[PDB]
file start_39.txt (compact mmCIF, C-alpha atoms)
# COMPACT_ATOMS: atom_id res chain seq x y z
CA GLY A 59 104.41 86.16 110.66
CA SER A 60 102.39 87.30 107.62
CA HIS A 61 102.61 90.96 106.65
CA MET A 62 100.25 93.43 108.36
CA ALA A 63 99.47 97.13 108.11
CA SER A 64 101.71 99.42 110.20
CA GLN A 65 101.85 103.02 111.37
CA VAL A 66 105.24 104.75 111.43
CA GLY A 67 105.98 107.66 113.76
CA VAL A 68 107.52 110.93 112.50
CA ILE A 69 110.44 111.95 114.72
CA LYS A 70 111.91 114.56 112.32
CA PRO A 71 110.92 115.39 108.78
CA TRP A 72 113.78 113.12 107.77
CA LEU A 73 113.52 110.46 110.53
CA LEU A 74 110.76 107.82 110.87
CA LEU A 75 110.39 105.09 113.48
CA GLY A 76 108.59 101.82 112.81
CA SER A 77 108.32 98.09 112.68
CA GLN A 78 109.57 95.40 110.31
CA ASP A 79 106.16 95.44 108.70
CA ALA A 80 106.76 99.10 107.79
CA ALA A 81 110.20 98.15 106.47
CA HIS A 82 108.48 95.54 104.30
CA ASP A 83 105.70 97.82 103.01
CA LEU A 84 106.92 99.21 99.72
CA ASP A 85 103.63 101.20 99.19
CA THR A 86 104.18 103.23 102.37
CA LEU A 87 107.96 103.52 102.08
CA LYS A 88 107.26 105.19 98.71
CA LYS A 89 104.55 107.43 100.06
CA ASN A 90 106.81 108.47 102.95
CA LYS A 91 109.68 109.42 100.67
CA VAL A 92 112.04 106.95 102.37
CA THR A 93 115.58 106.84 100.96
CA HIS A 94 117.48 105.12 103.78
CA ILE A 95 116.52 102.20 106.05
CA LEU A 96 118.30 101.41 109.34
CA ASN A 97 117.49 97.87 110.50
CA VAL A 98 118.42 97.34 114.12
CA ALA A 99 116.69 94.01 114.74
CA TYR A 100 118.14 90.53 114.48
CA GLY A 101 117.35 88.42 111.42
CA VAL A 102 114.89 90.82 109.65
CA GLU A 103 115.43 90.85 105.93
CA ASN A 104 116.08 93.96 103.92
CA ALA A 105 113.37 93.40 101.34
CA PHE A 106 113.98 96.04 98.63
CA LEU A 107 117.67 96.00 98.02
CA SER A 108 117.61 97.96 94.76
CA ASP A 109 115.29 100.62 96.08
CA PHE A 110 116.84 102.06 99.25
CA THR A 111 120.16 102.57 100.95
CA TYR A 112 120.31 100.08 103.85
CA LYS A 113 122.28 99.64 107.00
CA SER A 114 121.80 96.63 109.29
CA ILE A 115 123.17 96.52 112.83
CA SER A 116 122.31 93.36 114.66
CA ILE A 117 120.93 94.03 118.17
CA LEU A 118 119.02 91.79 120.59
CA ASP A 119 116.04 93.16 122.51
CA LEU A 120 117.29 92.07 125.92
CA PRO A 121 117.79 94.17 129.08
CA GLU A 122 121.46 93.19 129.20
CA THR A 123 122.11 94.45 125.71
CA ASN A 124 124.03 97.70 126.04
CA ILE A 125 122.05 99.84 123.65
CA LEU A 126 124.46 102.82 124.16
CA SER A 127 127.23 100.79 122.54
CA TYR A 128 125.43 100.74 119.17
CA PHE A 129 124.84 104.46 119.03
CA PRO A 130 127.75 105.65 116.83
CA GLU A 131 127.04 103.30 113.96
CA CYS A 132 123.34 104.10 114.07
CA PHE A 133 123.73 107.84 114.40
CA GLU A 134 126.30 107.97 111.56
CA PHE A 135 123.77 106.46 109.24
CA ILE A 136 120.87 108.61 110.38
CA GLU A 137 123.06 111.66 109.71
CA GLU A 138 123.92 110.34 106.23
CA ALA A 139 120.19 110.33 105.32
CA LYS A 140 119.79 113.86 106.68
CA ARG A 141 122.94 115.16 104.87
CA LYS A 142 121.59 113.71 101.59
CA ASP A 143 118.24 115.42 102.01
CA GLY A 144 116.50 112.07 102.32
CA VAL A 145 114.38 110.30 104.87
CA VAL A 146 115.51 107.38 107.05
CA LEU A 147 113.22 104.74 108.51
CA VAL A 148 114.69 103.35 111.71
CA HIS A 149 113.09 100.02 112.48
CA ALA A 150 113.59 96.73 114.21
CA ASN A 151 111.03 93.96 114.70
CA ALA A 152 108.13 95.39 116.72
CA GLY A 153 109.92 98.70 116.58
CA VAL A 154 109.03 99.62 120.16
CA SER A 155 112.25 98.83 122.09
CA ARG A 156 115.57 98.61 120.24
CA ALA A 157 114.51 100.99 117.52
CA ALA A 158 112.79 103.36 119.98
CA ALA A 159 115.94 103.47 122.16
CA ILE A 160 118.14 104.25 119.18
CA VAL A 161 115.96 107.22 118.21
CA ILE A 162 115.63 108.51 121.78
CA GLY A 163 119.36 108.37 122.16
CA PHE A 164 119.83 110.04 118.74
CA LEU A 165 117.81 113.04 119.93
CA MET A 166 119.70 113.21 123.18
CA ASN A 167 123.04 113.03 121.39
CA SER A 168 122.29 115.38 118.46
CA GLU A 169 120.48 118.11 120.37
CA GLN A 170 121.55 117.55 124.00
CA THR A 171 117.99 117.14 125.09
CA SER A 172 117.02 115.30 128.26
CA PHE A 173 115.82 111.72 128.42
CA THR A 174 112.40 112.79 129.59
CA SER A 175 111.93 115.25 126.75
CA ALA A 176 113.34 112.87 124.05
CA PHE A 177 111.19 110.04 125.35
CA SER A 178 108.08 112.22 125.31
CA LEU A 179 108.75 113.37 121.75
CA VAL A 180 109.15 109.81 120.54
CA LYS A 181 106.16 108.43 122.41
CA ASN A 182 103.95 111.21 121.19
CA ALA A 183 105.02 110.32 117.63
CA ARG A 184 104.75 106.60 118.23
CA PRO A 185 102.48 105.81 121.16
CA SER A 186 103.26 102.10 121.03
CA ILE A 187 106.88 102.50 122.17
CA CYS A 188 107.78 100.47 125.23
CA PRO A 189 111.53 100.01 125.60
CA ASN A 190 112.75 97.18 127.79
CA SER A 191 113.68 98.31 131.32
CA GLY A 192 117.40 97.88 130.65
CA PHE A 193 117.26 100.27 127.73
CA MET A 194 115.16 102.64 129.80
CA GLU A 195 117.74 102.84 132.59
CA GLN A 196 120.63 103.04 130.13
CA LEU A 197 118.99 105.99 128.39
CA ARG A 198 118.34 107.76 131.72
CA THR A 199 122.10 107.62 132.42
CA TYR A 200 123.24 108.54 128.92
CA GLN A 201 125.61 111.49 128.78
CA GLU A 202 125.25 112.37 132.46
CA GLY A 203 129.08 112.66 132.60
CA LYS A 204 128.87 115.75 130.53
CA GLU A 205 126.71 117.57 133.14
call {"tool": "encode", "arguments": {"input": "start_39.txt", "output": "structure tokens"}}
result
Amino acid sequence: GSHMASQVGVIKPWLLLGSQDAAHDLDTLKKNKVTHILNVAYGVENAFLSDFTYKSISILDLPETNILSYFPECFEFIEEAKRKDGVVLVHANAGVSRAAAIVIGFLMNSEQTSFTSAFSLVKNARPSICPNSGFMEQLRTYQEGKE
């Protein structure tokens, strides 16, 4: 639909979580010092191609989507933005399910923190998160083989 105001969540100094409206808000991308944009929706345009480094990974917000399977490509890119001393916006469409799951899993992977703690960090930053129940269960299981 038509563009609306948005509120991104701060996950790390260098890692933001938000919606496609945030991805399409040049005023706030500027203010937030964004350098990198990770688009994990389906069919959302990258609007400012000369202005940011982009990565698009097509993902469907369905409970049968295996969110874990997209982690390497997402986490690679997130780490690129960090290594460059930039800021990455991770977004999808609503930015409450796919994109939320990616960031929760990124915290679990990068710092070996629990699902419950990663989830709480992300939801405190972005109270609108609400991952689909497939993603939820997938995240609960993630990396349990290393215990």
call {"tool": "residues_around", "arguments": {"input": "start_39.txt", "residues": "residue 171 in chain A", "least_positions_apart": "6", "cutoff": "12 Å", "atoms": "all atoms listed in the file", "output": "JSON, numbers by chain"}}
result
{"A": [162, 163, 164, 165, 177, 178, 179, 197, 198, 200, 201, 202, 205]}
call {"tool": "atom_distance", "arguments": {"input": "start_39.txt", "atom1": "CA of residue 68 in chain A", "atom2": "CA of residue 121 in chain A"}}
result
25.7 Å
call {"tool": "closest_residue", "arguments": {"input": "start_39.txt", "among": "A:149, A:69, A:74, A:139", "to": "residue 103 in chain A", "atoms": "all atoms listed in the file"}}
result
A:149
call {"tool": "closest_residue", "arguments": {"input": "start_39.txt", "among": "A:166, A:188, A:78, A:120", "to": "residue 133 in chain A", "atoms": "all atoms listed in the file"}}
result
A:166
call {"tool": "closest_residue", "arguments": {"input": "start_39.txt", "among": "A:137, A:75, A:145, A:152", "to": "residue 62 in chain A", "atoms": "all atoms listed in the file"}}
result
A:152
call {"tool": "closest_atom_pairs", "arguments": {"input": "start_39.txt", "of": "range 108-160 of chain A", "to": "range 90-102 of chain A", "cutoff": "7 Å", "atoms": "all atoms listed in the file", "output": "CSV"}}
result
residue,atom,partner,partner_atom,distance
A:110,CA,A:93,CA,5.2
A:111,CA,A:94,CA,4.7
A:112,CA,A:95,CA,4.9
A:113,CA,A:96,CA,4.9
A:114,CA,A:97,CA,4.6
A:115,CA,A:98,CA,5.0
A:116,CA,A:100,CA,5.0
A:117,CA,A:99,CA,5.5
A:118,CA,A:100,CA,6.3
A:139,CA,A:94,CA,6.1
A:144,CA,A:93,CA,5.5
A:145,CA,A:92,CA,4.8
A:146,CA,A:94,CA,4.4
A:147,CA,A:95,CA,4.8
A:148,CA,A:96,CA,4.7
A:149,CA,A:97,CA,5.3
A:150,CA,A:99,CA,4.2
A:151,CA,A:99,CA,5.7
A:156,CA,A:98,CA,6.9
A:157,CA,A:98,CA,6.3
call {"tool": "write_last_selection", "arguments": {"input": "start_39.txt", "atoms": "C-alpha atoms", "output": "short mmCIF file (atom, residue, chain, number, x, y, z; two decimals), keeping the file's coordinate frame"}}
result
data_model
loop_
_atom_site.label_atom_id
_atom_site.label_comp_id
_atom_site.auth_asym_id
_atom_site.auth_seq_id
_atom_site.Cartn_x
_atom_site.Cartn_y
_atom_site.Cartn_z
CA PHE A 110 116.84 102.06 99.25
CA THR A 111 120.16 102.57 100.95
CA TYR A 112 120.31 100.08 103.85
CA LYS A 113 122.28 99.64 107.00
CA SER A 114 121.80 96.63 109.29
CA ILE A 115 123.17 96.52 112.83
CA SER A 116 122.31 93.36 114.66
CA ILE A 117 120.93 94.03 118.17
CA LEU A 118 119.02 91.79 120.59
CA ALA A 139 120.19 110.33 105.32
CA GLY A 144 116.50 112.07 102.32
CA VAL A 145 114.38 110.30 104.87
CA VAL A 146 115.51 107.38 107.05
CA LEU A 147 113.22 104.74 108.51
CA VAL A 148 114.69 103.35 111.71
CA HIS A 149 113.09 100.02 112.48
CA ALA A 150 113.59 96.73 114.21
CA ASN A 151 111.03 93.96 114.70
CA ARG A 156 115.57 98.61 120.24
CA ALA A 157 114.51 100.99 117.52
#
call {"tool": "atom_distance", "arguments": {"input": "start_39.txt", "atom1": "CA of residue 154 in chain A", "atom2": "CA of residue 72 in chain A"}}
result
18.9 Å
call {"tool": "atom_distance", "arguments": {"input": "start_39.txt", "atom1": "CA of residue 82 in chain A", "atom2": "CA of residue 63 in chain A"}}
result
9.9 Å
call {"tool": "residues_around", "arguments": {"input": "start_39.txt", "residues": "residue 126 in chain A", "least_positions_apart": "2", "cutoff": "10 Å", "atoms": "all atoms listed in the file", "output": "ChimeraX atom specification"}}
result
/A:123-124,128-130,159-160,163,193,196-197,199-201
